[PDB]
Peer 1: 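Structure provided below as C-alpha coordinates; questions to follow.
We're numbering straight along the sequence, starting at 1. Computed from heavy atoms alone, side chains included, the values below leave out hydrogens, waters and symmetry copies.
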Amino acid sequence: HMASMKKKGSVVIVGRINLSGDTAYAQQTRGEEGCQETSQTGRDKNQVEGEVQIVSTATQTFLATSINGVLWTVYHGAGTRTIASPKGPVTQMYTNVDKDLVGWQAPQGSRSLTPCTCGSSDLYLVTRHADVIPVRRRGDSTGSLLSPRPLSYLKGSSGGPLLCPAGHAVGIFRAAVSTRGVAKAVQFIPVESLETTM
Ligand SMILES: CC(C)(C)OC(=O)N[C@H]1CCCCC/C=C\[C@@H]2C[C@@]2(C(=O)NS(=O)(=O)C2CC2)NC(=O)[C@@H]2C[C@@H](OC(=O)n3cc4cccc(F)c4c3)CN2C1=O
Ligand SMILES: [Zn+2]
(Lines give C-alpha, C1' and ligand atoms only; values in the text may rest on other atoms or scores of the structure.)
(Ligands and ions follow the chains in the order given, each with its own letter.)
Protein backbone atom coordinates (compact mmCIF):
# COMPACT_ATOMS: atom_id res chain seq x y z
CA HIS A 1 0.00 0.00 0.00
CA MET A 2 1.02 3.62 -0.62
CA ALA A 3 2.48 4.33 2.84
CA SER A 4 4.90 1.37 2.79
CA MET A 5 6.13 1.92 -0.75
CA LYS A 6 9.91 1.62 -0.95
CA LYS A 7 12.39 3.81 -2.85
CA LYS A 8 15.25 2.34 -4.89
CA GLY A 9 18.67 3.49 -3.77
CA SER A 10 21.17 5.51 -5.76
CA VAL A 11 23.99 4.13 -7.83
CA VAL A 12 27.14 4.38 -5.70
CA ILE A 13 30.76 4.71 -6.82
CA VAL A 14 32.66 1.96 -5.01
CA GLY A 15 36.02 2.15 -6.73
CA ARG A 16 37.86 2.95 -9.92
CA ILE A 17 40.01 1.51 -12.68
CA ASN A 18 43.35 3.27 -12.36
CA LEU A 19 44.75 4.12 -15.78
CA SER A 20 46.99 7.04 -14.81
CA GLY A 21 50.41 5.39 -14.49
CA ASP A 22 51.98 2.64 -16.58
CA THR A 23 49.98 -0.14 -14.87
CA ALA A 24 46.19 -0.53 -14.96
CA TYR A 25 44.63 -1.82 -11.73
CA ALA A 26 41.34 -1.80 -9.90
CA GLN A 27 41.01 0.20 -6.67
CA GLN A 28 38.15 -0.17 -4.23
CA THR A 29 37.21 3.03 -2.44
CA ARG A 30 34.16 1.82 -0.49
CA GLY A 31 33.21 -1.50 1.16
CA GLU A 32 29.79 -3.19 1.01
CA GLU A 33 28.34 -1.65 4.21
CA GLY A 34 29.32 1.91 3.31
CA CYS A 35 27.93 1.31 -0.17
CA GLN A 36 24.56 0.13 1.14
CA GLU A 37 24.25 3.14 3.46
CA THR A 38 25.39 5.52 0.71
CA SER A 39 22.87 3.96 -1.68
CA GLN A 40 20.03 4.65 0.75
CA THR A 41 20.95 8.27 1.55
CA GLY A 42 22.41 9.29 -1.81
CA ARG A 43 25.08 11.21 0.05
CA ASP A 44 28.63 10.26 -0.91
CA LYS A 45 31.45 12.37 0.46
CA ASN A 46 34.28 10.28 -1.00
CA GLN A 47 36.84 11.84 -3.34
CA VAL A 48 36.38 10.82 -6.96
CA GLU A 49 39.30 10.40 -9.37
CA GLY A 50 39.89 9.02 -12.85
CA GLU A 51 37.91 8.23 -16.01
CA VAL A 52 36.49 4.78 -15.25
CA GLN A 53 34.51 4.25 -12.05
CA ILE A 54 33.34 0.99 -10.52
CA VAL A 55 29.72 1.44 -9.48
CA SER A 56 27.15 -0.54 -7.49
CA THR A 57 23.50 -0.73 -6.62
CA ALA A 58 22.04 -2.89 -3.88
CA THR A 59 21.94 -5.85 -6.29
CA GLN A 60 24.43 -5.26 -9.13
CA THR A 61 27.91 -3.95 -9.79
CA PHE A 62 29.32 -2.66 -13.07
CA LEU A 63 31.29 0.26 -14.57
CA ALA A 64 30.73 3.93 -15.43
CA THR A 65 32.89 6.00 -17.81
CA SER A 66 33.34 9.82 -18.05
CA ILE A 67 33.25 11.30 -21.48
CA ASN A 68 32.84 15.04 -22.22
CA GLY A 69 31.84 15.80 -18.66
CA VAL A 70 29.13 13.11 -18.44
CA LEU A 71 29.47 9.89 -16.40
CA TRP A 72 27.95 7.28 -18.75
CA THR A 73 26.79 3.73 -17.96
CA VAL A 74 24.19 1.12 -19.01
CA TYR A 75 20.44 1.22 -18.46
CA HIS A 76 20.31 -2.51 -17.68
CA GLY A 77 22.57 -1.80 -14.72
CA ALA A 78 21.49 1.67 -13.56
CA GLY A 79 17.82 1.73 -14.55
CA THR A 80 16.49 5.25 -13.97
CA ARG A 81 18.40 5.57 -10.66
CA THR A 82 20.00 8.69 -9.26
CA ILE A 83 23.72 8.62 -8.40
CA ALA A 84 25.10 9.36 -4.92
CA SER A 85 27.09 12.62 -4.63
CA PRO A 86 28.39 14.95 -1.86
CA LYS A 87 25.17 17.01 -1.88
CA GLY A 88 22.70 14.13 -2.21
CA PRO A 89 21.22 12.10 -5.10
CA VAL A 90 21.71 13.44 -8.61
CA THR A 91 19.09 12.82 -11.29
CA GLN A 92 20.09 11.33 -14.64
CA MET A 93 20.89 13.91 -17.30
CA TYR A 94 20.39 11.37 -20.12
CA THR A 95 18.31 8.21 -20.27
CA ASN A 96 17.91 6.04 -23.35
CA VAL A 97 16.60 2.54 -22.88
CA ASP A 98 16.74 1.92 -26.66
CA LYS A 99 20.53 2.40 -26.62
CA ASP A 100 20.90 0.90 -23.10
CA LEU A 101 22.53 4.18 -22.07
CA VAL A 102 22.28 6.57 -19.17
CA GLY A 103 24.33 9.51 -18.01
CA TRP A 104 24.75 11.82 -15.04
CA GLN A 105 26.81 15.02 -14.80
CA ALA A 106 30.38 13.90 -14.13
CA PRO A 107 31.33 13.98 -10.43
CA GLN A 108 33.76 16.66 -9.27
CA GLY A 109 37.22 15.14 -9.28
CA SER A 110 36.62 12.79 -12.19
CA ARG A 111 38.54 13.12 -15.46
CA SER A 112 36.82 12.83 -18.83
CA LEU A 113 37.94 10.89 -21.85
CA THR A 114 37.92 12.64 -25.22
CA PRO A 115 35.66 11.19 -27.97
CA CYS A 116 37.69 9.42 -30.69
CA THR A 117 38.03 11.06 -34.08
CA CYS A 118 40.71 8.73 -35.46
CA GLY A 119 38.44 6.40 -37.44
CA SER A 120 40.72 3.55 -36.26
CA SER A 121 39.58 -0.06 -35.80
CA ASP A 122 42.23 -1.37 -33.33
CA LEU A 123 40.45 -0.89 -30.00
CA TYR A 124 41.04 -1.76 -26.38
CA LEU A 125 38.38 -2.83 -23.86
CA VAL A 126 38.92 -2.04 -20.19
CA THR A 127 37.30 -4.44 -17.72
CA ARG A 128 36.32 -4.09 -14.05
CA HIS A 129 39.40 -6.16 -13.25
CA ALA A 130 41.54 -3.63 -15.15
CA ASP A 131 42.29 -6.11 -17.92
CA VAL A 132 43.05 -4.27 -21.16
CA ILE A 133 41.60 -6.45 -23.92
CA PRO A 134 42.44 -5.98 -27.62
CA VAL A 135 39.30 -5.71 -29.72
CA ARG A 136 39.09 -5.37 -33.49
CA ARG A 137 36.27 -3.03 -34.49
CA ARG A 138 33.90 -5.00 -36.74
CA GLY A 139 31.07 -2.54 -37.38
CA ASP A 140 29.42 0.57 -36.03
CA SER A 141 28.69 -1.07 -32.66
CA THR A 142 30.52 -4.41 -32.52
CA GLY A 143 34.08 -5.67 -32.16
CA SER A 144 35.77 -9.06 -31.99
CA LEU A 145 37.99 -10.18 -29.11
CA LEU A 146 41.43 -11.06 -30.45
CA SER A 147 41.62 -13.70 -27.73
CA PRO A 148 38.20 -15.15 -26.78
CA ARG A 149 37.34 -15.40 -23.05
CA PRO A 150 34.62 -17.17 -21.09
CA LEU A 151 31.62 -14.86 -20.37
CA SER A 152 32.60 -14.81 -16.68
CA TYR A 153 35.58 -12.68 -17.54
CA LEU A 154 33.50 -9.86 -19.00
CA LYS A 155 30.57 -9.99 -16.55
CA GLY A 156 30.30 -6.80 -14.51
CA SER A 157 32.19 -4.73 -17.09
CA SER A 158 29.29 -3.12 -18.90
CA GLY A 159 29.63 0.66 -18.80
CA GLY A 160 33.38 0.31 -19.33
CA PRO A 161 35.19 2.00 -22.21
CA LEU A 162 36.50 0.83 -25.53
CA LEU A 163 39.47 3.03 -26.42
CA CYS A 164 41.52 3.70 -29.51
CA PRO A 165 45.34 3.54 -29.61
CA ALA A 166 45.47 7.17 -28.65
CA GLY A 167 43.41 6.63 -25.49
CA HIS A 168 40.26 8.31 -26.87
CA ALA A 169 36.83 6.84 -26.05
CA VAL A 170 35.33 4.88 -28.94
CA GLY A 171 32.38 3.32 -27.12
CA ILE A 172 30.65 2.08 -23.98
CA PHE A 173 30.60 -1.72 -23.40
CA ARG A 174 26.99 -2.94 -23.56
CA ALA A 175 26.70 -6.68 -24.25
CA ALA A 176 28.75 -9.79 -25.08
CA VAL A 177 28.20 -12.28 -27.92
CA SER A 178 28.98 -15.86 -26.92
CA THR A 179 29.07 -19.40 -28.24
CA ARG A 180 29.11 -22.22 -25.68
CA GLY A 181 29.80 -19.68 -22.91
CA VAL A 182 32.83 -18.20 -24.68
CA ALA A 183 32.74 -14.51 -25.59
CA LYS A 184 33.92 -13.96 -29.17
CA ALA A 185 32.50 -10.48 -29.68
CA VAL A 186 31.21 -7.41 -27.86
CA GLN A 187 28.46 -4.86 -28.48
CA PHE A 188 29.06 -1.24 -27.46
CA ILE A 189 27.34 2.15 -27.64
CA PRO A 190 29.44 4.09 -30.18
CA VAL A 191 30.79 7.41 -28.90
CA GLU A 192 29.02 9.26 -31.76
CA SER A 193 25.73 7.97 -30.39
CA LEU A 194 26.69 9.65 -27.10
CA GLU A 195 27.70 12.84 -28.92
CA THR A 196 24.30 12.84 -30.62
CA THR A 197 22.53 12.19 -27.31
CA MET A 198 24.34 15.24 -25.91
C1 LIG B 1 22.62 -8.21 -27.44
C2 LIG B 1 22.98 -9.65 -27.69
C3 LIG B 1 23.72 -9.73 -29.04
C4 LIG B 1 21.75 -10.51 -27.78
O5 LIG B 1 23.80 -10.12 -26.69
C6 LIG B 1 23.39 -10.27 -25.36
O7 LIG B 1 22.40 -9.82 -24.91
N8 LIG B 1 24.28 -10.93 -24.50
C9 LIG B 1 24.13 -10.88 -23.13
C10 LIG B 1 24.98 -11.97 -22.47
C11 LIG B 1 24.85 -12.02 -20.97
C12 LIG B 1 25.94 -12.87 -20.37
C13 LIG B 1 27.04 -12.07 -19.63
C14 LIG B 1 28.02 -11.31 -20.48
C15 LIG B 1 28.86 -10.37 -19.64
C16 LIG B 1 29.09 -9.10 -19.90
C17 LIG B 1 28.14 -8.29 -20.75
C18 LIG B 1 28.63 -6.86 -20.72
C19 LIG B 1 27.46 -7.24 -19.88
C20 LIG B 1 27.68 -7.01 -18.36
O21 LIG B 1 28.75 -7.05 -17.89
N22 LIG B 1 26.58 -6.63 -17.60
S23 LIG B 1 26.75 -6.36 -16.04
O24 LIG B 1 27.09 -7.47 -15.53
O25 LIG B 1 27.71 -5.55 -15.76
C26 LIG B 1 25.07 -5.93 -15.50
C27 LIG B 1 25.18 -5.61 -14.05
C28 LIG B 1 25.18 -4.51 -15.05
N29 LIG B 1 26.14 -7.04 -20.41
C30 LIG B 1 25.08 -7.90 -20.22
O31 LIG B 1 25.19 -8.83 -19.53
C32 LIG B 1 23.84 -7.61 -21.10
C33 LIG B 1 22.46 -7.31 -20.27
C34 LIG B 1 21.55 -7.89 -20.97
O35 LIG B 1 21.14 -7.18 -22.07
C36 LIG B 1 20.40 -6.03 -21.91
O37 LIG B 1 19.76 -5.82 -20.95
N38 LIG B 1 20.37 -5.19 -23.01
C39 LIG B 1 19.50 -4.20 -23.22
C40 LIG B 1 19.82 -3.60 -24.44
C41 LIG B 1 19.25 -2.54 -25.18
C42 LIG B 1 19.79 -2.20 -26.38
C43 LIG B 1 20.89 -2.85 -26.85
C44 LIG B 1 21.43 -3.90 -26.14
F45 LIG B 1 22.47 -4.52 -26.57
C46 LIG B 1 20.88 -4.25 -24.91
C47 LIG B 1 21.21 -5.26 -24.01
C48 LIG B 1 22.19 -9.19 -21.50
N49 LIG B 1 23.62 -8.76 -21.74
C50 LIG B 1 24.51 -9.50 -22.51
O51 LIG B 1 25.53 -9.08 -22.61
ZN1 LIG C 1 41.14 7.97 -31.40
Peer 1: Counting only heavy atoms not in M5 (residues, nucleotides, ligands), do more than 12 fall under 6.0 Å from its CE?
Peer 2: yes
Peer 1: Looking at CH2 of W104 and OG of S66, how far apart are the two atoms once the value is rounded to the nearest 0.5 Å?
Peer 2: 10.5 Å
Peer 1: What residue among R136, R138, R137 forms salt bridge (charged side-chain N to carboxylate O under 4.0 Å, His left out) with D122?
Peer 2: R136
Peer 1: Does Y124 reach the side chain of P165, with side-chain heavy atoms less than 4.5 Å apart?
Peer 2: yes
Peer 1: Checking the side chain of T57 only, and the main-chain atoms of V11 only, is there a donor and an acceptor separated by less than 3.5 Å?
Peer 2: no
Peer 1: Check the hydrophobic clustering (I, L, V, M, F, W, Y; side-chain heavy atoms under 4.5 Å; chains of links allowed) and say if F188 and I133 are grouped together.
Peer 2: yes
Peer 1: May I ask whether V74 and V97 are part of the same hydrophobic cluster, defined by side-chain heavy atoms of I, L, V, M, F, W, Y residues being less than 4.5 angstrom apart, directly or through others?
Peer 2: yes
Peer 1: Show your working on side chain to side chain contact (heavy atoms under 4.5 Å, CB included) between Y75 and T95 and close with a plain yes or no.
Peer 2: CA-CA 8 Å; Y75 186 94; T95 314; 3.8 Å; yes
Peer 1: Compare every heavy atom of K184 with every heavy atom of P148, then report the nearest pair and how far apart it is.
Peer 2: CG-CD, 4.0 Å
Peer 1: Taking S56 for the side chain and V12 for the main chain, is one N or O donor matched with an acceptor at less than 3.5 Å?
Peer 2: no
Peer 1: Working to the nearest 0.5 Å, report the span between CD of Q60 and NZ of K155.
Peer 2: 6.5 Å
Peer 1: Keeping the roles fixed (side chain from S112, backbone from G69), state whether a donor-acceptor pair exists under 3.5 Å.
Peer 2: yes
Peer 1: Search all heavy atoms of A183 against all heavy atoms of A176 and return the closest pair with its distance.
Peer 2: CB-CB, 4.5 Å
Peer 1: List the steps, then state whether side chain to side chain contact (heavy atoms under 4.5 Å, CB included) holds for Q187 with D100.
Peer 2: CA-CA 11 Å; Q187 252 187 40; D100 194 19; over 6 Å; no
Peer 1: Membership question, hydrophobic clusters at under 4.5 Å side-chain separation (ILVMFWY): are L71 and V48 in the same one?
Peer 2: yes
Peer 1: With the side chain counted from C-beta on, respond yes when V135 and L145 share a heavy-atom pair under 4.5 Å apart, and no when they do not.
Peer 2: yes
Peer 1: Any salt bridge between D44 and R30, counting N to O under 4.0 Å?
Peer 2: yes
Peer 1: Going by the side chain to side chain contact (heavy atoms under 4.5 Å, CB included) test, name the single residue among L101, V70, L194 that passes it with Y94.
Peer 2: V70
Peer 1: If you round to the nearest 0.5 Å, how far is CG of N68 from CD of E195?
Peer 2: 6.5 Å
Peer 1: Write down the atom of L113, the atom of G167, and the distance for their closest heavy-atom approach.
Peer 2: CD2-O, 3.9 Å
Peer 1: Looking at every non-hydrogen atom in both residues, tell me the closest pair between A169 and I67 and how far apart they are.
Peer 2: CB-CD1, 3.6 Å
Peer 1: I'd like to know if the side chain of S39 and the backbone of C35 have a donor-acceptor N/O pair within less than 3.5 Å.
Peer 2: no
Peer 1: Check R16 against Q47 and note the closest heavy-atom contact, atom names and distance.
Peer 2: NH2-O, 3.7 Å
Peer 1: Could you grab the distance from atom CG of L162 to atom CZ of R174, nearest 0.5 Å is fine?
Peer 2: 11.5 Å
Peer 1: Taking C-beta and beyond as the side chain, do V90 and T82 meet within less than 4.5 Å on heavy atoms?
Peer 2: no
Peer 1: Decide whether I54 and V126 are clustered together by the hydrophobic rule: side chain heavy atoms of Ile, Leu, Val, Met, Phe, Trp, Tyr closer than 4.5 Å, transitively.
Peer 2: yes
Peer 1: Find out whether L63 and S157 are in side-chain contact, i.e. whether some heavy atom of one side chain is under 4.5 Å from a heavy atom of the other.
Peer 2: yes
Peer 1: Distance check, rounded to the nearest 0.5 Å: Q27 atom CD versus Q53 atom CD?
Peer 2: 10.0 Å
Peer 1: Do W72 and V14 belong to the same hydrophobic cluster, where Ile, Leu, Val, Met, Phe, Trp and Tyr are linked whenever their side-chain heavy atoms lie under 4.5 Å apart, directly or via other members?
Peer 2: yes
Peer 1: Would a 4.5 Å heavy-atom cut-off, applied to side chains only, mark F173 and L154 as touching?
Peer 2: yes
Peer 1: Begin from the C-alpha positions of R81 and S10 and carry the test side chain to side chain contact (heavy atoms under 4.5 Å, CB included) through to its verdict.
Peer 2: CA-CA 6 Å; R81 290 172 169 87; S10 298; 5.8 Å; no
Peer 1: For a quick test of reading the model, state the closest non-hydrogen atom pair linking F62 to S158 and the distance between them.
Peer 2: CB-O, 3.7 Å
Peer 1: First locate atom CG of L123, then atom CG of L163, and finally report the distance between them rounded to the nearest 0.5 Å.
Peer 2: 8.5 Å
